[PDB]
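Residue numbers (PDB author numbering), protein chains in the order written: chain A, 1 to 173; chain B, 1 to 173; chain C, 1 to 173; chain D, 1 to 173; chain E, 1 to 173; chain F, 1 to 173. Quick reminder that beta carbons are idealized off the backbone N, C-alpha and C, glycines included.
There are 6 protein chains.
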Amino acid sequence: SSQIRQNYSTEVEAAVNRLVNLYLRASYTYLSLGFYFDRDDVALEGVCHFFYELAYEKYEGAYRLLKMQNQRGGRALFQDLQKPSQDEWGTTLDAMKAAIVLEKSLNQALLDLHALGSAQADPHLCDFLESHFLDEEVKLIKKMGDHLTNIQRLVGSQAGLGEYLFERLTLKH
Amino acid sequence: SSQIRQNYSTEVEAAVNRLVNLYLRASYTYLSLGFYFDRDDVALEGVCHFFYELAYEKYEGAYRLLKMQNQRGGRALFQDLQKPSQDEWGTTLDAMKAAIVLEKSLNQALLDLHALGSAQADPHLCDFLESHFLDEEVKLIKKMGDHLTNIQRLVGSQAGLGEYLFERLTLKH
Amino acid sequence: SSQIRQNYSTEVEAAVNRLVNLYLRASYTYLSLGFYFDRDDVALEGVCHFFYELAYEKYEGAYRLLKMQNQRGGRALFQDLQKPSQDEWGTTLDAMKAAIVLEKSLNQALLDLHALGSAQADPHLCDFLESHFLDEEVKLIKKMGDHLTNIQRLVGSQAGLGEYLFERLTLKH
Amino acid sequence: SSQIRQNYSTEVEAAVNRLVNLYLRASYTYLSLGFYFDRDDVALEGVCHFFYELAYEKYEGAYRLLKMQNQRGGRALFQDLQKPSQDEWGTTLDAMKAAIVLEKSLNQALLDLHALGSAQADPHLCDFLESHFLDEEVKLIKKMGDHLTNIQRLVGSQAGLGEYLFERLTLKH
Amino acid sequence: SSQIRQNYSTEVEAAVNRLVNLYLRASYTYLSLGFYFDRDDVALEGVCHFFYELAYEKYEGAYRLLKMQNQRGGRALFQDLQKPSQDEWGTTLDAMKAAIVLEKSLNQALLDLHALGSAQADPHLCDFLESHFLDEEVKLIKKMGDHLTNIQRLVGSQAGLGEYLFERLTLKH
Amino acid sequence: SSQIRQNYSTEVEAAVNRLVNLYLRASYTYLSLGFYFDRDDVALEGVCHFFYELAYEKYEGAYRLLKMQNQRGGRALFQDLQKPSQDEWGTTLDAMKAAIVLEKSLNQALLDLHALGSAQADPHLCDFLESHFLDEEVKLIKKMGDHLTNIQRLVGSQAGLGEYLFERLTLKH
Ligand SMILES: [Cl-]
Ligand SMILES: [Cl-]
Ligand SMILES: [Cl-]
Ligand SMILES: [Cl-]
Ligand SMILES: [Cl-]
Ligand SMILES: [Cl-]
Numbered sequence: 001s002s003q004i005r006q007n008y009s010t011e012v013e014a015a016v017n018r019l020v021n022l023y024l025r026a027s028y029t030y031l032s033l034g035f036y037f038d039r040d041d042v043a044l045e046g047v048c049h050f051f052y053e054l055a056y057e058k059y060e061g062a063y064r065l066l067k068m069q070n071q072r073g074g075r076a077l078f079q080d081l082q083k084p085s086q087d088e089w090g091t092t093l094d095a096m097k098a099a100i101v102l103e104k105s106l107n108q109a110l111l112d113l114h115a116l117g118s119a120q121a122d123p124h125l126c127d128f129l130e131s132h133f134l135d136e137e138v139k140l141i142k143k144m145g146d147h148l149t150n151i152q153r154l155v156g157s158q159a160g161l162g163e164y165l166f167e168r169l170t171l172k173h
Numbered sequence: 001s002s003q004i005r006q007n008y009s010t011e012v013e014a015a016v017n018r019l020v021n022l023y024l025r026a027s028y029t030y031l032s033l034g035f036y037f038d039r040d041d042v043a044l045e046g047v048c049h050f051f052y053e054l055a056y057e058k059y060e061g062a063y064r065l066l067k068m069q070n071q072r073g074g075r076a077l078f079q080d081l082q083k084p085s086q087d088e089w090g091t092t093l094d095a096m097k098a099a100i101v102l103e104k105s106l107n108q109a110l111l112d113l114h115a116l117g118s119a120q121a122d123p124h125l126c127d128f129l130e131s132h133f134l135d136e137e138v139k140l141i142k143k144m145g146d147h148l149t150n151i152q153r154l155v156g157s158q159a160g161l162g163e164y165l166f167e168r169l170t171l172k173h
Numbered sequence: 001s002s003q004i005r006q007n008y009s010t011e012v013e014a015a016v017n018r019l020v021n022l023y024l025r026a027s028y029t030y031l032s033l034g035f036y037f038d039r040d041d042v043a044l045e046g047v048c049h050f051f052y053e054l055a056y057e058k059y060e061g062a063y064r065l066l067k068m069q070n071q072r073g074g075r076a077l078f079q080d081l082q083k084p085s086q087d088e089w090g091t092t093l094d095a096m097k098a099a100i101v102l103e104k105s106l107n108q109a110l111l112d113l114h115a116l117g118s119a120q121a122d123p124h125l126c127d128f129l130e131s132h133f134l135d136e137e138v139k140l141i142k143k144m145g146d147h148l149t150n151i152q153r154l155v156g157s158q159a160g161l162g163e164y165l166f167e168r169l170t171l172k173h
Numbered sequence: 001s002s003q004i005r006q007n008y009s010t011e012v013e014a015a016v017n018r019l020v021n022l023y024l025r026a027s028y029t030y031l032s033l034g035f036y037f038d039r040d041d042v043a044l045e046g047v048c049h050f051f052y053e054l055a056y057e058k059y060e061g062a063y064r065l066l067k068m069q070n071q072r073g074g075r076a077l078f079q080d081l082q083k084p085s086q087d088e089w090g091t092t093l094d095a096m097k098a099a100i101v102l103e104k105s106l107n108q109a110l111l112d113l114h115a116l117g118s119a120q121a122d123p124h125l126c127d128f129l130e131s132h133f134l135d136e137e138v139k140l141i142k143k144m145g146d147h148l149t150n151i152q153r154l155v156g157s158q159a160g161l162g163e164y165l166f167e168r169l170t171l172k173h
Numbered sequence: 001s002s003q004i005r006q007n008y009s010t011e012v013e014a015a016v017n018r019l020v021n022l023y024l025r026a027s028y029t030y031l032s033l034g035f036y037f038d039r040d041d042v043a044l045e046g047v048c049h050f051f052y053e054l055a056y057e058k059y060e061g062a063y064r065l066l067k068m069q070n071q072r073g074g075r076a077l078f079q080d081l082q083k084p085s086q087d088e089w090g091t092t093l094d095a096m097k098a099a100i101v102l103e104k105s106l107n108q109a110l111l112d113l114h115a116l117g118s119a120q121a122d123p124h125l126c127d128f129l130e131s132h133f134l135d136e137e138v139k140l141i142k143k144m145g146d147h148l149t150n151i152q153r154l155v156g157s158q159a160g161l162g163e164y165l166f167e168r169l170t171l172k173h
Numbered sequence: 001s002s003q004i005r006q007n008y009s010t011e012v013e014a015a016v017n018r019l020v021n022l023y024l025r026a027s028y029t030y031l032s033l034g035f036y037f038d039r040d041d042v043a044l045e046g047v048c049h050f051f052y053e054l055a056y057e058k059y060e061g062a063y064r065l066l067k068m069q070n071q072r073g074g075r076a077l078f079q080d081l082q083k084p085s086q087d088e089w090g091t092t093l094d095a096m097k098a099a100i101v102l103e104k105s106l107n108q109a110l111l112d113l114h115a116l117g118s119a120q121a122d123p124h125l126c127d128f129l130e131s132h133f134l135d136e137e138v139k140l141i142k143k144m145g146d147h148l149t150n151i152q153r154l155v156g157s158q159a160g161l162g163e164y165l166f167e168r169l170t171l172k173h
């Protein structure tokens, strides 16, 4: 069949197509989070920018997986993309809790694919994930944990004040 | 309900959410077209770049609709995104024929929304489509028609030669 | 014996010396391919430049292995270098088919050495190959597969025309 | 407990805290080596600079481990730091022999932690060590071995002359 | 014994070695304070930077003492370094109270060494401390007192809000 | 047969292919000499650089011969390349004695080919060797003779000292 494929299992090829769907789902989730915080009755610009940047980051992860699929001689296959889990995302705290749950689900999927690649003795796959995904994910989850702690300390007796101050003084606008 | 909404019908709000889904579907279609032409057994770089640029253009149309939805005080609602119509896209000619069918479907959806806005006496909506969508679509469909004519004249007795030459001498690589 | 050697097996040391011989053999093969396409009765400058650049790339892989051998405290040992498999390399298509066979043989040798290093719990060796060899090889084999597809589509009824056009419009001159 | 911790064993967390202590011990050893060669009755500036730079390099390795500990959601724990093994370090040859023994002890600790991470299927840990520690250590031990050979060839009949010349013509002052 | 030593008592030499240990202990304390505020469940970047800068300042004080010891012809002697007094440092207020207690202990040690040097008629020692340590310490303790007053005024009814605001609007991030 | 060949004997064509093998053998010899002096138990950087530069110079002589072979319409033919005469090269003096023996063997081969070209009344060949090879060889052999005299004068009673000093003060590092 393939003129270039070498040491690239059907199991890894399939798992890469599934991981693309997970990253595009995550990208779509962040697009929805961004436009919720852009609503005139929510109006938290720095929160909107935080999640819009993540929509782009997750799309770029999908793009790198698809590029690698073709570099290895697998076939990119696209499936339907489910809509995000919510239409309205609550407070900045609710949204950042949803985001860290989403990132730990992507991180577990990365770790599971790395374990498959290790079992299949596919060092190019293992290095690819180590070099472009695992540390990106650890650093993002650490950032979200930092943000969750600062959001939680600002709730106090005065949730609205804390939510304003976090968006103004931690996030970019 | 909304503090800003003025002269913005529920019919237009719903039709804008549907049009976002159509543009994101089109974006996803172009992502698939791009990665098909990137395959080592297809390998037409200028065709890959043509369709990848359209994936971005259609995403940007979805983004402008969502921005406008919030500017008017409607609620952005995301639905599932169906996968593209094909997994393999045939020749450059097959792909460019699929692309012009897709663009005429987006153009008809734009014209239908403009007619709804005109019936609802919503001049901001009508101007928005006139200023950011209708001419973009006319110019792209003219470009695709130009390309289809040049692809068709190169088929001759020697399809492979013509497909190479079109990618090398008309498309960007 | 060695003042610096640590966690560096005799098996890996020997396999690194063998891999140097394989890369220098490959370099010599590409020098022959380059000078064949430089003949006045072949005269395909872009094909000559493609293979001459690969002679340098394979020499550089041999040089990095030898540097690493000394960094680990092994002893570089040189053996005779067999001449290339052919004196005349046929068409650009014949030559590019020979080149992808040669690159998949180097890639398998890399994967076999990585497996030895993994079995010997030699993470410096494994990372060295992951960081400087495995992706270089995947990217080159993808490029050759792209080129083989474009060469094959240009054969048509008119092999000479296709061979000229590929050298003029894809390769660098 | 931890909001960010994922795939991070208590065994690795503890071993990282121990490795921090080993690197800070090594840093302190190099601070002592540097100030010994700064004595007016020793007075080998290039030897002082060599070991002072290593005090900084080992401190930076401790700092990167502590940063990573927090990125993974482990708890940095500091323990007492033992003083260096000697108060006086003898000749440049004695000092460079002590330094290579110290670096091979750090390298073995790195390899042992990498093996623990591999057993615990912790690819982020394994990649972290591969990317920031293993090659740094191989390159430093090779440099020290080079220096030991040049110091040994200069002993001759005239140790003082050789020790001066090595400091003047190989080390930086 | 020493070719350069002049007017440099054994009492001062010993007291300088003890003061080095006190400054390295203080440096290690500030390294621990810095990494505590870097935890994802503490996450006060400006507090982390404040204490990390002090780890460097205290290390530099140790380095200047060791340099001076050799300039005078004394022998630098290193002893074990005890770990910091706490593993967890509480609130920014708790940490800044611990820091001013630590700085007043270093200041008293400086004053005691100055008194020893004065009793031993060692004007080089006395001037050294006056020129590089006493004013540095007065200025730092004044800064910490300023910070303690601003932290205390922000506790109010809403400790978390005050702790965020102090880190955002007084400390550097 | 050849459309361009004119005044180019089969004897010269064959002798040029043999001379290519001699120059590639010499290049390989210098690669081995370079990596021997890079060993941590040899560690003479300026000696390593001297011989590595000669590996490149001899490769370039082979390349110019092959270019000229095609310019004249002869056929480049590659044969097996024997490994270098030694695996270990002894002292700098031993290595430089081996190198001058190797260069006088290349110089005699150049002179023999020039005599063949003169007998065959092939002035292009004779001028080619005069313009790109004979003086290069005379100048290199003079340089090596200069180096041998300086190495010999430094042996004295203290071989290691002399070998260090020559590498430090004559060769490039
Ligand atoms: Cl769903
Ligand atoms: Cl569908
Ligand atoms: Cl053979
Ligand atoms: Cl101890
Ligand atoms: Cl203690
Ligand atoms: Cl032989």
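Express the C-alpha separation of residue j and residue i in angstroms, rounding to a whole number.
i: E:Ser131; j: E:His114; result: 12 angstroms
i: F:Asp80; j: F:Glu45; result: 31 angstroms
i: E:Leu171; j: D:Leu54; result: 32 angstroms
i: A:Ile151; j: A:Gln158; result: 12 angstroms
i: residue 204 of chain F; j: F:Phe78; result: An answer regarding residue 204 of chain F cannot be provided, because it is not within the stretch 1 to 173 covered by chain F.
i: C:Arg64; j: F:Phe35; result: 11 angstroms
i: A:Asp38; j: E:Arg153; result: 36 angstroms
i: C:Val42; j: C:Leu161; result: 14 angstroms
i: D:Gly145; j: F:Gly117; result: 52 angstroms
i: C:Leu31; j: F:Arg75; result: 14 angstroms
i: D:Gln71; j: B:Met68; result: 39 angstroms
i: E:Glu57; j: E:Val101; result: 17 angstroms
i: D:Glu163; j: A:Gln108; result: 56 angstroms
By the three-class DSSP mapping on this structure, what secondary structure does residue i have?
i: C:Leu134; result: helix
i: D:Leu171; result: coil
i: C:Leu81; result: strand
i: F:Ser9; result: coil
i: C:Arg25; result: helix
i: B:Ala115; result: helix
i: C:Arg18; result: helix
i: D:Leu44; result: coil
Hey, residue i and residue j are a contact pair by Cβ (cut 8 angstroms); roughly how many whole angstroms apart?
i: C:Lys97; j: C:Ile141; result: Between C:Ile141 and C:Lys97 the Cβ distance is about 13 angstroms, and since that is not below 8 angstroms, they are no contact.
i: D:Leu66; j: D:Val20; result: 6 angstroms
i: D:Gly61; j: D:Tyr8; result: The Cβ separation is near 20 angstroms, so there is no contact.
Is any heavy atom in ligand 8 found nearer than 7 angstroms to the beta carbon of residue i?
i: A:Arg75; result: Only ligand 1, ligand 2, ligand 3, ligand 4, ligand 5 and ligand 6 can be found as ligands here, which leaves ligand 8 out of the picture.
Chain-ordered list of residues that sit, by beta carbon, closer than 7 angstroms to a heavy atom of ligand 2: In chain order, the residues positioned with their C-beta nearer than 7 angstroms to some heavy atom of ligand 2 are A:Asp80, B:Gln82 and B:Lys83.
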